[PDB]
Each structure stands twice: as C-alpha cells, then as structure tokens.
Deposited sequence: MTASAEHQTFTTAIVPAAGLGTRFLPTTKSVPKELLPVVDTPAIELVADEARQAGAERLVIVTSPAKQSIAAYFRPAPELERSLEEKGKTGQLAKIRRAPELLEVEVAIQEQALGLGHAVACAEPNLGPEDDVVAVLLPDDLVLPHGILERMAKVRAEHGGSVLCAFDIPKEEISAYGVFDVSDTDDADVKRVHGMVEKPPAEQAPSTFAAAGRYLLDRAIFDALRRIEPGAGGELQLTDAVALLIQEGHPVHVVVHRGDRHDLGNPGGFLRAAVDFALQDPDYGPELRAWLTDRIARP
C-alpha cells in the first residue's frame, strides 16, 4: 500500500480570525489535542510511514510539534504526570514528518503539487488527508486501498448526504460496482441545487492519488489550481477513479461551529469532562 501521506495545511483558516493571525489552524485543540495530530494518527493507522505537511513559512511551528520535547518530557516524568507524558510522546513517535514550505496559499491543488519534490521512487500512490475533515472511526484510507488494489488508478471519498442537504458540496456523478460503498467516478458537480445533484455522494477530504495527479496538476489552467480539475483531466484521459462511501461519523473543523460540535462530542465521551459538561449543557441550552 501507500507509505506517504500528504496533509495540505497552507490556508490561514479565515473563519477562526483573529486567532489564526498567530496560531496555525491545524494546531487548534479539539478538547486538548490538535487536528494535525488526529489526522497524523489516522494516516499512521492506515500504514503511512511518512507525513508531508504542506504549509506556509509562518506555520512552521507545526513542524516543531512533531519533534521530541526533552525538557518538558523530563519535567512531566519528575512530576509523575505519566498520562500527560504519554500524550506529548504520541505525535513525535507516529511517523517520519517532512514540511514542504509553500510561499503563498494558492489552494488545495497547488498545495498537493508542492508535495511532489518530497516523493520518491516507492511513492506510486499518495494519501491526502484534509485536516478540517475528521472521518470516524479510523480506516477510510484502508478501504480506499482495497479499491486501489482491485482497480488501480485513484480513489476518492464521499459522505452519503440527502440531495436537499448537499448543495454546499461537490457531488459525484457515478456508476455502480459490485460493492455498494464503491462507485466509479464519471465527474463532479460543484454545489448543485438538490434537483441537479447527480447523486447523494458528497466529496470528502480523503484521497489516494496515483502519481499521475502531478502531471495532471501541471496541465490544468489556473483560475488557483483546483484539484477537482486535475482529477477531471485524469478521468478524461482514461485514468480509473473510484470513490468509497464513508458510512460512519464525521466532523467538520472548517468553522468554529463545526469545531465546537467536534470538541463537545469528544469531551462528552471523556470521563475527565463528560458528566459535568453534560449537566452544564442541559441547563445552558434551556436559556438564551
């Protein structure tokens, strides 16, 4: 399977201004843990050995997150904070992390293209994880790998969303396969009204891209490089593209509202917070 996962992390996160003026969006805590760690863990569990984070020069603190912190570790160990200590050791031990620095945030297609110098002869396919999407539980990339193994080519991800709730998404035009959760991708429609939606399958931020994507990204017309256009070009030129339908849960960290739903969902499942938080929420929602 794939060994390299790419995380595009170039965008400011304008919905979290003013905080994202100074703090990388991908380091914001979900309860106590940054999304960059959550997606790094997902990638590792799907068998990534390497993570290529694409970011801006201002967001290099992301890199330092994945390096050991000797003094802090020694301090926690001396206080007997074994739980906090394990929690800080987790991210640095997940995988080999590299940062591809992109001077200007010019969109997702450009961010993926800037990862190409970090790839090697073994990278026939790369995983891509968008860090604003949490796809739960872990394992969507493993299902996508099964599809790559059977059909070759590239693999996308979809959420199954009713046509009347889908108009914020890219929506796949598809044909059936022998697996109910796997479709062949014919195209994508951006933000269709319900009556024009070609399917209930909404583009989700997980990919297994064949190396052919980099050539496709070089040959698309800018106007910012759209990854969808590069995928559309591959489909034109006969490259197989399938999509796996995620059936489980998801969170959207793209704006504070979605971010808070994720943090609350996770905090309610944690005994350090859950019971007291549940009691507080019960009363709080009964008043303005």
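Stretches of the deposited sequence left without coordinates are 1-8, 232-234, in sequence order.
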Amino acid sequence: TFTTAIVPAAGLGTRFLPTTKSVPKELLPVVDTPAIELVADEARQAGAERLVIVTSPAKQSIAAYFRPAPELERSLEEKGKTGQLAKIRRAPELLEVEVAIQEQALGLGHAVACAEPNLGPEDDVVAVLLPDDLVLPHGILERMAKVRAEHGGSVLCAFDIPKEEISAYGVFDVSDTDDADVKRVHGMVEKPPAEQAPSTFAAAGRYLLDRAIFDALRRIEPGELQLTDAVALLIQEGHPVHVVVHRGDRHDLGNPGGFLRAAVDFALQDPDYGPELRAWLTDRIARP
From here on, numbers count along this sequence of modelled residues.
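Averaged over CA atoms, B-factors in the entry run higher in 56-64 than in the other of 240-248 and 56-64. As listed in the deposited structure, the average C-alpha B-factor of 155-163 and of 68-76 is greater for 68-76. In this entry, the residue among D176, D215, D132, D124 with the greatest C-alpha B factor is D215. Considering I36, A263, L253, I220 together, the PDB entry gives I220 the largest C-alpha B factor.
When the modelled residues of the chain are ordered by their C-alpha B factor, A111 lands in the middle third. Among the modelled residues of the chain, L51 sits in the middle third by CA temperature factor in this PDB entry.
Split the chain's modelled residues into thirds by C-alpha temperature factor. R206 is in the lowest one. Among the modelled residues of its chain, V128 has a C-alpha B-factor that falls in the lowest third, as given in the PDB entry. Ranked against the other modelled residues of its chain, the C-alpha B-factor of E224 as given in the entry falls in the highest third.
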